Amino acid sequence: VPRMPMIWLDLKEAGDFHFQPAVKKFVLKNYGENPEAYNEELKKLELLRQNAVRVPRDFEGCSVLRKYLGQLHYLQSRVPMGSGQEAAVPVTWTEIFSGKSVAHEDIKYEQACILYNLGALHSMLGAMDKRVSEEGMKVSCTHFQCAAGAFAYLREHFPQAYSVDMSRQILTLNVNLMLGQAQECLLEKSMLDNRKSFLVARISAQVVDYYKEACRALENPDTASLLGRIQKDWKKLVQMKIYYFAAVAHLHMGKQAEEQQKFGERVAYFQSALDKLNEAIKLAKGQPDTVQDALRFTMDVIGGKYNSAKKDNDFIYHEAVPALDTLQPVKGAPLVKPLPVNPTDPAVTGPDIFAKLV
């Protein structure tokens, strides 16, 4: 079965964070020490920043970002570089949707951007994989949940947005899109694992529910205008997937009917699935071959099940085909959540770079 492609988020581009002079002055003025006595530590932090803002786009890249994020917390605990504080310096980053530089004299803006990039990087690692195996689906699911975790942490701990790409409404979209993709990975896995058809239907139904939340944000004219050109691409994929996974949910409810030997119910579910799938195909116009191939394969599957079921029923069982509205709807089975981040886990940060600054 050809898998659907996944959306990922680009990393923000960093400008300057000239922390050195401010740290040197605070050391002299507050700690009463030679301003130059911490050139080693400053040098280590600068090299770590350079590595993080140019992070390698791979799994090892995630630990570089976590290490730098943590060292930023350590530095803030020793030298006051927050909003309005004595040793604060300009921090500049590029806002994703506009490409404009946004500056704040606040080291927590630097932390927020780094956390954002950790989420973006996780989204890339999750979306770049081909998901051919159970393990691949599981690891991708984990990356999407880590991405959701980063964006949810940002959303919760940084309520006043430093820039619109990090505003509450946009982060909420990111979270729902990432949980949708995580749940989609587990749907694929549940099929590989041969779970009961009814359970597979609930899992797929929840994929639909997450994509519906994300689609709502994409359809929000205000939210949309913040995104710009990228709204159109994301919306097309998401809206198509809403119909696709609703069709998959009904395909599996029909499979349950087949197992229960309810041959009229079988027809009704497969008919609904075909209807939903046909809508997905209309919505997919212009989409890449990865999408077209997924849909073609599914059309062969659902079309075949439907014909077979309609034939068994028309020639043999002659059972009434229930009105869909007389069938208990499928409730989503949520299997995913945003995975928490501890920015100051000693395991990720290593020793405090400024441990000697006391």
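Numbering starts at 1 and follows the sequence shown. We call the rigid core whatever largest set of C-alpha positions still superposes within 1.5 Å between the two forms.
Annotation: of the segments 315-323 and 43-51, 315-323 departs further from this form in 7 other deposited structures of this protein (C-alpha atoms, root mean square over structures and residues, core superposition). Structural divergence in 7 other deposited structures of this protein between 262-270 and 89-97: following superposition by the core, 262-270 has C-alpha atoms lying farther from the shown form.
Higher mean CA B-factor, judged across 186-194 and 228-236 from the recorded values: 228-236. For the segment pair 253-261 and 106-114, the entry gives 253-261 the higher mean B-factor, averaged over Cα atoms. Take 80, 126, 180, 286 and read off each C-alpha B-factor from the entry; 286 has the highest. When the C-alpha B-factors of 49, 311, 57, 67 are read from the PDB record, the largest value belongs to 311. Compared with the other modelled residues of the chain, the Cα B-factor recorded for residue 16 ranks in the middle third. Ranked against the other modelled residues of its chain, the C-alpha B-factor of residue 335 as given in the entry falls in the middle third. Ranked against the other modelled residues of its chain, the C-alpha B-factor of residue 53 as given in the entry falls in the lowest third. In the PDB entry, a CA B factor belonging to the highest third of its chain's modelled residues is recorded for residue 130. For residue 158, the recorded CA B-factor ranks within the highest third of the chain. Only modelled residues enter the ranking.
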